[PDB]
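S.K.: Here you go, this is coords10.txt (compact mmCIF, C-alpha atoms and all ligand atoms).
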```txt
# COMPACT_ATOMS: atom_id res chain seq x y z
CA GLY A 980 -6.44 17.42 -8.68
CA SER A 981 -3.03 16.41 -7.38
CA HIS A 982 0.38 15.51 -8.78
CA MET A 983 0.24 11.73 -8.49
CA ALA A 984 3.85 10.94 -9.43
CA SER A 985 5.08 12.46 -6.15
CA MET A 986 2.46 11.02 -3.79
CA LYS A 987 4.35 9.36 -0.95
CA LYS A 988 3.69 5.98 0.68
CA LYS A 989 3.38 5.44 4.42
CA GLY A 990 6.01 3.04 5.72
CA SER A 991 5.59 -0.27 7.49
CA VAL A 992 5.23 -0.88 11.19
CA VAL A 993 8.65 -2.03 12.43
CA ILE A 994 9.55 -4.26 15.37
CA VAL A 995 12.23 -2.38 17.33
CA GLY A 996 12.38 -4.48 20.50
CA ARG A 997 10.56 -6.84 22.82
CA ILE A 998 9.46 -7.33 26.40
CA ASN A 999 11.38 -10.34 27.70
CA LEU A 1000 9.03 -12.42 29.86
CA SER A 1001 10.82 -15.75 29.36
CA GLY A 1002 12.76 -16.04 32.61
CA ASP A 1003 12.17 -14.78 36.15
CA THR A 1004 12.68 -11.06 35.40
CA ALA A 1005 10.69 -8.86 33.01
CA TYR A 1006 12.74 -6.36 31.03
CA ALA A 1007 12.64 -4.50 27.73
CA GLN A 1008 15.21 -5.20 25.02
CA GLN A 1009 15.83 -2.99 22.01
CA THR A 1010 16.65 -4.85 18.81
CA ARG A 1011 16.86 -1.96 16.31
CA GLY A 1012 17.96 1.67 16.58
CA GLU A 1013 16.39 4.79 15.15
CA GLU A 1014 18.28 4.81 11.84
CA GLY A 1015 17.64 1.15 11.07
CA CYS A 1016 14.00 1.55 12.08
CA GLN A 1017 13.43 4.28 9.47
CA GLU A 1018 15.21 2.34 6.71
CA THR A 1019 13.26 -0.80 7.59
CA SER A 1020 9.98 1.14 7.63
CA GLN A 1021 10.56 2.33 4.05
CA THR A 1022 11.58 -1.02 2.57
CA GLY A 1023 9.32 -3.18 4.72
CA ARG A 1024 12.23 -5.66 4.78
CA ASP A 1025 13.19 -6.68 8.33
CA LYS A 1026 15.76 -9.49 8.45
CA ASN A 1027 16.06 -9.42 12.25
CA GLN A 1028 15.09 -12.52 14.20
CA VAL A 1029 11.94 -12.17 16.29
CA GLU A 1030 11.42 -13.67 19.74
CA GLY A 1031 8.85 -13.58 22.50
CA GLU A 1032 5.21 -12.62 22.89
CA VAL A 1033 5.21 -8.81 23.25
CA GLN A 1034 6.96 -6.74 20.58
CA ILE A 1035 7.89 -3.07 20.78
CA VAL A 1036 6.86 -1.54 17.46
CA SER A 1037 7.30 1.83 15.80
CA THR A 1038 6.18 3.92 12.87
CA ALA A 1039 7.99 7.05 11.71
CA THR A 1040 5.97 9.07 14.25
CA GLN A 1041 4.75 6.72 17.02
CA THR A 1042 5.89 3.79 19.15
CA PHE A 1043 3.70 1.28 20.95
CA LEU A 1044 3.37 -2.48 21.55
CA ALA A 1045 2.12 -5.55 19.70
CA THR A 1046 1.15 -8.88 21.26
CA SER A 1047 1.00 -12.36 19.72
CA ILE A 1048 -2.10 -14.41 20.57
CA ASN A 1049 -3.07 -17.63 18.73
CA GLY A 1050 -0.64 -16.97 15.89
CA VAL A 1051 -1.69 -13.35 15.27
CA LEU A 1052 0.37 -10.28 16.18
CA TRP A 1053 -2.25 -7.84 17.50
CA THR A 1054 -2.02 -4.09 18.04
CA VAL A 1055 -4.22 -0.99 18.13
CA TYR A 1056 -5.55 0.76 15.03
CA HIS A 1057 -4.74 4.17 16.54
CA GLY A 1058 -1.07 3.16 16.37
CA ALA A 1059 -0.74 1.06 13.22
CA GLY A 1060 -3.62 2.32 11.10
CA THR A 1061 -3.84 0.17 7.99
CA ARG A 1062 -0.05 -0.13 7.71
CA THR A 1063 1.79 -3.26 6.68
CA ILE A 1064 4.45 -4.67 9.01
CA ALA A 1065 8.06 -5.21 7.95
CA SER A 1066 9.17 -8.82 7.59
CA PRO A 1067 12.05 -10.83 6.10
CA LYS A 1068 10.18 -11.13 2.78
CA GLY A 1069 8.87 -7.56 2.65
CA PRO A 1070 5.76 -5.77 3.89
CA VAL A 1071 3.01 -8.03 5.24
CA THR A 1072 -0.58 -6.85 4.79
CA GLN A 1073 -2.90 -6.79 7.79
CA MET A 1074 -4.94 -9.96 8.32
CA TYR A 1075 -7.47 -8.23 10.60
CA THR A 1076 -8.60 -4.61 10.69
CA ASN A 1077 -11.44 -3.31 12.88
CA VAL A 1078 -11.47 0.43 13.56
CA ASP A 1079 -14.61 0.08 15.69
CA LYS A 1080 -12.59 -2.07 18.11
CA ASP A 1081 -9.37 -0.04 17.65
CA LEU A 1082 -7.83 -3.35 16.60
CA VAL A 1083 -5.54 -4.68 13.87
CA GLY A 1084 -3.60 -7.89 13.40
CA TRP A 1085 -0.93 -9.46 11.21
CA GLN A 1086 0.23 -13.05 10.95
CA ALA A 1087 2.59 -13.65 13.86
CA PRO A 1088 6.23 -13.40 12.71
CA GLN A 1089 8.31 -16.55 12.50
CA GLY A 1090 10.16 -16.93 15.78
CA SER A 1091 7.44 -15.21 17.80
CA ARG A 1092 5.70 -17.05 20.62
CA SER A 1093 1.94 -16.71 21.09
CA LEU A 1094 0.06 -16.29 24.34
CA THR A 1095 -2.94 -18.53 24.87
CA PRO A 1096 -6.35 -16.90 25.49
CA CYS A 1097 -7.45 -17.01 29.12
CA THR A 1098 -10.17 -19.46 30.13
CA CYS A 1099 -9.88 -19.17 33.92
CA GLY A 1100 -12.29 -16.25 34.37
CA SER A 1101 -9.99 -14.63 36.93
CA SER A 1102 -10.39 -10.91 37.63
CA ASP A 1103 -6.85 -10.43 39.03
CA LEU A 1104 -4.96 -9.13 36.00
CA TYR A 1105 -1.50 -7.82 35.15
CA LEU A 1106 -0.71 -5.14 32.58
CA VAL A 1107 2.67 -5.35 30.84
CA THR A 1108 4.04 -1.96 29.79
CA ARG A 1109 6.64 -0.99 27.19
CA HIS A 1110 9.07 -0.51 30.11
CA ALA A 1111 8.46 -4.12 31.26
CA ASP A 1112 6.53 -2.99 34.33
CA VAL A 1113 3.98 -5.58 35.48
CA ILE A 1114 1.09 -3.54 36.89
CA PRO A 1115 -1.62 -5.33 38.92
CA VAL A 1116 -5.06 -4.56 37.47
CA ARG A 1117 -8.39 -5.63 38.98
CA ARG A 1118 -10.99 -6.37 36.31
CA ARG A 1119 -14.05 -4.16 36.74
CA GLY A 1120 -16.04 -5.02 33.60
CA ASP A 1121 -15.88 -6.77 30.26
CA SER A 1122 -13.29 -4.28 28.97
CA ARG A 1123 -12.17 -2.20 31.98
CA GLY A 1124 -9.79 -2.66 34.88
CA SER A 1125 -8.62 -0.46 37.73
CA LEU A 1126 -5.01 0.14 38.74
CA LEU A 1127 -4.28 -0.95 42.29
CA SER A 1128 -1.72 1.89 42.33
CA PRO A 1129 -2.66 4.79 40.01
CA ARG A 1130 0.16 6.44 38.07
CA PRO A 1131 0.72 9.55 35.97
CA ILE A 1132 -0.46 8.83 32.43
CA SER A 1133 3.16 9.21 31.32
CA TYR A 1134 3.97 5.74 32.67
CA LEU A 1135 1.38 4.08 30.40
CA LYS A 1136 1.99 6.17 27.26
CA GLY A 1137 3.35 3.96 24.49
CA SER A 1138 1.96 0.69 25.90
CA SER A 1139 -1.22 0.42 23.82
CA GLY A 1140 -1.21 -2.97 22.15
CA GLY A 1141 0.38 -4.59 25.20
CA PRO A 1142 -1.21 -7.47 27.06
CA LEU A 1143 -3.31 -7.82 30.13
CA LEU A 1144 -2.57 -11.22 31.67
CA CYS A 1145 -4.27 -13.48 34.19
CA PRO A 1146 -2.35 -15.04 37.11
CA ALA A 1147 -1.42 -18.01 34.89
CA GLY A 1148 0.04 -15.83 32.13
CA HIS A 1149 -2.89 -16.22 29.73
CA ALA A 1150 -3.96 -13.31 27.54
CA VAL A 1151 -7.03 -11.50 28.87
CA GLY A 1152 -7.04 -8.43 26.61
CA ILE A 1153 -5.10 -5.87 24.60
CA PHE A 1154 -4.41 -2.48 26.20
CA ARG A 1155 -6.41 0.14 24.29
CA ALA A 1156 -7.07 3.31 26.31
CA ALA A 1157 -6.57 4.81 29.75
CA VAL A 1158 -9.11 6.37 32.10
CA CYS A 1159 -7.33 9.65 32.79
CA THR A 1160 -8.50 12.27 35.31
CA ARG A 1161 -6.20 15.31 35.49
CA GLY A 1162 -3.11 13.53 34.19
CA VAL A 1163 -3.49 10.47 36.47
CA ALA A 1164 -4.40 7.04 35.08
CA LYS A 1165 -6.85 5.35 37.45
CA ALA A 1166 -8.08 2.56 35.16
CA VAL A 1167 -7.49 0.95 31.78
CA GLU A 1168 -9.70 -0.04 28.85
CA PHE A 1169 -8.74 -3.09 26.80
CA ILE A 1170 -9.90 -5.22 23.89
CA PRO A 1171 -11.14 -8.43 25.55
CA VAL A 1172 -9.51 -11.59 24.23
CA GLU A 1173 -13.01 -12.91 23.53
CA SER A 1174 -13.45 -10.01 21.11
CA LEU A 1175 -10.21 -11.15 19.47
CA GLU A 1176 -11.45 -14.74 19.29
CA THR A 1177 -14.66 -13.51 17.65
CA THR A 1178 -12.69 -11.44 15.13
CA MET A 1179 -10.67 -14.58 14.40
CA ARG A 1180 -13.66 -16.91 14.14
CA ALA A 1181 -15.61 -14.29 12.15
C1 LIG A 1201 -6.97 10.51 27.45
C2 LIG A 1201 -6.22 9.32 26.77
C3 LIG A 1201 -5.51 8.47 27.87
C4 LIG A 1201 -5.15 9.87 25.78
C5 LIG A 1201 -7.26 8.46 26.01
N1 LIG A 1201 -8.26 8.00 26.94
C6 LIG A 1201 -9.63 7.69 26.49
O1 LIG A 1201 -9.98 7.95 25.38
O2 LIG A 1201 -10.50 7.06 27.42
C7 LIG A 1201 -11.82 6.81 26.98
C8 LIG A 1201 -12.64 6.53 28.20
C9 LIG A 1201 -12.49 5.05 28.46
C10 LIG A 1201 -12.09 4.39 27.12
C11 LIG A 1201 -11.89 5.56 26.13
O3 LIG A 1201 -12.95 5.62 25.25
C12 LIG A 1201 -12.62 6.14 23.96
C13 LIG A 1201 -11.82 5.05 23.20
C14 LIG A 1201 -10.66 5.37 22.62
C15 LIG A 1201 -9.83 4.32 21.87
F1 LIG A 1201 -8.72 4.00 22.60
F2 LIG A 1201 -10.57 3.19 21.66
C16 LIG A 1201 -9.37 4.89 20.52
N2 LIG A 1201 -9.83 4.29 19.29
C17 LIG A 1201 -9.37 4.87 17.96
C18 LIG A 1201 -9.82 4.28 16.74
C19 LIG A 1201 -9.39 4.82 15.51
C20 LIG A 1201 -8.53 5.94 15.49
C21 LIG A 1201 -8.09 6.52 16.69
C22 LIG A 1201 -8.52 5.98 17.93
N3 LIG A 1201 -8.03 6.62 19.23
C23 LIG A 1201 -8.45 6.08 20.50
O4 LIG A 1201 -8.03 6.65 21.75
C24 LIG A 1201 -6.85 7.45 21.65
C25 LIG A 1201 -5.62 6.61 21.74
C26 LIG A 1201 -5.71 6.13 23.14
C27 LIG A 1201 -4.39 5.94 23.87
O5 LIG A 1201 -3.63 6.84 24.04
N4 LIG A 1201 -4.12 4.60 24.42
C28 LIG A 1201 -2.89 4.32 25.20
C29 LIG A 1201 -1.49 4.47 24.59
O6 LIG A 1201 -0.51 4.19 25.20
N5 LIG A 1201 -1.39 4.95 23.22
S1 LIG A 1201 0.16 5.13 22.54
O7 LIG A 1201 0.91 3.87 22.52
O8 LIG A 1201 1.01 6.00 23.37
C30 LIG A 1201 -0.03 5.85 20.87
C31 LIG A 1201 -0.76 7.19 20.73
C32 LIG A 1201 1.14 5.57 19.93
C33 LIG A 1201 -0.19 4.85 19.73
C34 LIG A 1201 -3.05 3.20 26.24
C35 LIG A 1201 -3.09 4.68 26.68
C36 LIG A 1201 -1.87 5.16 27.49
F3 LIG A 1201 -1.53 6.43 27.11
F4 LIG A 1201 -2.24 5.18 28.81
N6 LIG A 1201 -6.38 7.23 23.90
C37 LIG A 1201 -6.80 8.26 22.89
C38 LIG A 1201 -6.56 7.26 25.36
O9 LIG A 1201 -6.16 6.35 26.03
CL CL A 1202 -13.88 -4.68 21.67
ZN ZN A 1203 -6.28 -17.44 32.70
```
Just give me the structure of the file as structure tokens.
M.R.:
Amino acid sequence: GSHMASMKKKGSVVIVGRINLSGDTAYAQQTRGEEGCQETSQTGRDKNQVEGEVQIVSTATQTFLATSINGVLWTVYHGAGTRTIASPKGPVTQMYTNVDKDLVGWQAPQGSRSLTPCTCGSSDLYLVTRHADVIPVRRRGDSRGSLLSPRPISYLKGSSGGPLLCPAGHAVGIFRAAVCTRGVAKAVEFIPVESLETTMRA
């Protein structure tokens, strides 16, 4: 048994900033501080205006990224779980959930801009981190890519759910996991956009 009247509810995922890719310089912007993030997580009511393709998102215990592609805000299950996302009208229930792909999605917030899925078949990719670093990544397989310049894993922590982009700025995949050998990240594993398009058309 358990005392049901006091069972708590997990809060919503909350947008706390964005990666500005609009102009000629990539940079992170914060749109909500720690206090407002916790209040907004509990209510699920986020009145802030949303802009751009890559959002910085937070729960009470984790922070990561979320990327809009074809009208869906995508992120990783290991960050969001089954949580709703805060919105101007209250919590919004997930529209996609696939733990086997480490993938979840909500309807893209009003004001967001969506990336278009890549059709160019290029293997010269670019990973966008939560610090607005644009890291060249050579595609090595359907879901893997190697860093031209390896980095300590610390530099990629908190960027799951961010995009991998082709040279034309099209979405190639969603950053999922890192290939980590003794604290150094040599390569990345991502959800291919085609897997997204299947999840959408499924
Ligand atoms: C050693 C390592 C780097 C920690 C780990 N490597 C690793 O496992 O490599 C193997 C070998 C090649 C691919 C991968 O096969 C296993 C697949 C794992 C997975 F990803 F599909 C995954 N599915 C889940 C589904 C349901 C519930 C939990 C799940 N947990 C998973 O993996 C976990 C999570 C994932 C992670 O940390 N991702 C990143 C991130 O930033 N997160 S985060 O924002 O800070 C944060 C924790 C707030 C959300 C991008 C990498 C950054 F840190 F660089 N992990 C562990 C790793 O990357
Ligand atoms: Cl996949
Ligand atoms: Zn492309």
S.K.: What's the separation between CA of residue 1021 (chain A) and CA of residue 990 (chain A), in Å to one decimal place?
M.R.: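 Straight-line distance from CA of residue 1021 (chain A) to CA of residue 990 (chain A) works out to 4.9 Å.
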S.K.: Would you mind listing the residues within 6 Å of ligand LIG 1201 (chain A), counting all atoms listed in the file, as a PyMOL selection string?
M.R.: chain A and resi 1041-1043+1056-1058+1078+1081+1132+1135-1139+1154-1159+1168
S.K.: Measuring between only C-alpha atoms, which one of A:1111, A:1124, A:1015, A:1045 shows the shortest distance to residue 1085 (chain A)?
M.R.: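 Ranked by minimum distance to residue 1085 (chain A), first place goes to A:1045.
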S.K.: Would you please work out which residue, of A:1040, A:1122, A:1022, A:1046, is nearest to ligand CL 1202 (chain A) when using only C-alpha atoms and all ligand atoms?
M.R.: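 Among the listed residues, the smallest separation from ligand CL 1202 (chain A) belongs to A:1122.
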S.K.: Could the residues that lie within 6 Å of ligand CL 1202 (chain A), counting only C-alpha atoms and all ligand atoms, be listed as a count of residues only?
M.R.: 3
S.K.: Env of residue 1028 (chain A): 12 Å cut, atoms = all atoms listed in the file, seq-sep filter 5 positions within chain, self excluded. Answer as a list in words.
M.R.: residues 994, 995, 996, 997, 1010, 1011, 1034, 1065, 1066, 1067, 1088, 1089, 1090 and 1091 of chain A
S.K.: Considering all atoms listed in the file, give me a table of residues in chain A that are at most 12 Å from ligand ZN 1203 (chain A), with the closest atom pair and distance in Å for each, as CSV.
M.R.:
```
residue,atom,partner,partner_atom,distance
A:1094,CA,A:ZN1203,ZN,10.6
A:1095,CA,A:ZN1203,ZN,8.6
A:1096,CA,A:ZN1203,ZN,7.2
A:1097,CA,A:ZN1203,ZN,3.8
A:1098,CA,A:ZN1203,ZN,5.1
A:1099,CA,A:ZN1203,ZN,4.2
A:1100,CA,A:ZN1203,ZN,6.4
A:1101,CA,A:ZN1203,ZN,6.3
A:1102,CA,A:ZN1203,ZN,9.2
A:1103,CA,A:ZN1203,ZN,9.5
A:1104,CA,A:ZN1203,ZN,9.0
A:1105,CA,A:ZN1203,ZN,11.0
A:1143,CA,A:ZN1203,ZN,10.4
A:1144,CA,A:ZN1203,ZN,7.3
A:1145,CA,A:ZN1203,ZN,4.7
A:1146,CA,A:ZN1203,ZN,6.4
A:1147,CA,A:ZN1203,ZN,5.4
A:1148,CA,A:ZN1203,ZN,6.5
A:1149,CA,A:ZN1203,ZN,4.7
A:1150,CA,A:ZN1203,ZN,7.0
A:1151,CA,A:ZN1203,ZN,7.1
A:1152,CA,A:ZN1203,ZN,10.9
A:1172,CA,A:ZN1203,ZN,10.8
```
S.K.: Would you save the residues from that selection as a compact mmCIF listing (two decimals), keeping the file's coordinate frame, using C-alpha atoms?
M.R.:
```
# COMPACT_ATOMS: atom_id res chain seq x y z
CA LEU A 1094 0.06 -16.29 24.34
CA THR A 1095 -2.94 -18.53 24.87
CA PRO A 1096 -6.35 -16.90 25.49
CA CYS A 1097 -7.45 -17.01 29.12
CA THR A 1098 -10.17 -19.46 30.13
CA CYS A 1099 -9.88 -19.17 33.92
CA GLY A 1100 -12.29 -16.25 34.37
CA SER A 1101 -9.99 -14.63 36.93
CA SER A 1102 -10.39 -10.91 37.63
CA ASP A 1103 -6.85 -10.43 39.03
CA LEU A 1104 -4.96 -9.13 36.00
CA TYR A 1105 -1.50 -7.82 35.15
CA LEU A 1143 -3.31 -7.82 30.13
CA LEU A 1144 -2.57 -11.22 31.67
CA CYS A 1145 -4.27 -13.48 34.19
CA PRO A 1146 -2.35 -15.04 37.11
CA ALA A 1147 -1.42 -18.01 34.89
CA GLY A 1148 0.04 -15.83 32.13
CA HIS A 1149 -2.89 -16.22 29.73
CA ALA A 1150 -3.96 -13.31 27.54
CA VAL A 1151 -7.03 -11.50 28.87
CA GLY A 1152 -7.04 -8.43 26.61
CA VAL A 1172 -9.51 -11.59 24.23
```
S.K.: Pick the closest to residue 999 (chain A) from A:1068, A:1109, A:1077, A:1024: which is it, counting all atoms listed in the file?
M.R.: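 Going through A:1068, A:1109, A:1077, A:1024 one by one, the smallest distance to residue 999 (chain A) is for A:1109.
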S.K.: Using all atoms listed in the file, which residue out of A:1084, A:1179, A:1169, A:1162 lies closest to residue 1123 (chain A)?
M.R.: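 Checking each candidate against residue 1123 (chain A), we get A:1169 as the closest.
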S.K.: Between CA of residue 1093 (chain A) and CA of residue 1074 (chain A), what is the spacing in Å?
M.R.: 16.0 Å
S.K.: Can you measure CA of residue 983 (chain A) to CA of residue 1072 (chain A) for me? One decimal in Å is fine.
M.R.: 22.9 Å
S.K.: Using all atoms listed in the file, which residue out of A:1070, A:1129, A:1060, A:1050 lies closest to residue 1176 (chain A)?
M.R.: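 Result for the nearest residue to residue 1176 (chain A): A:1050.
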S.K.: Within 6 Å of residue 1051 (chain A), counting all atoms listed in the file, which residues qualify if same-chain residues fewer than 4 places away don't, as number ranges by chain?
M.R.: A: 1047, 1085-1087
S.K.: Between A:1082, A:1038, A:1006, A:1076, which one has atoms that come closest to residue 1018 (chain A), using all atoms listed in the file?
M.R.: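 Smallest separation from residue 1018 (chain A) among the options: A:1038.
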S.K.: Taking all listed atoms of region 1176-1179 of chain A, build the axis-aligned box, pad each of the six sides by 8 Å, then write its centre and edge lengths in Å to one decimal as lines of an AutoDock Vina configuration file.
M.R.:
```
center_x = -12.7
center_y = -13.1
center_z = 16.8
size_x = 20.0
size_y = 19.3
size_z = 20.9
```
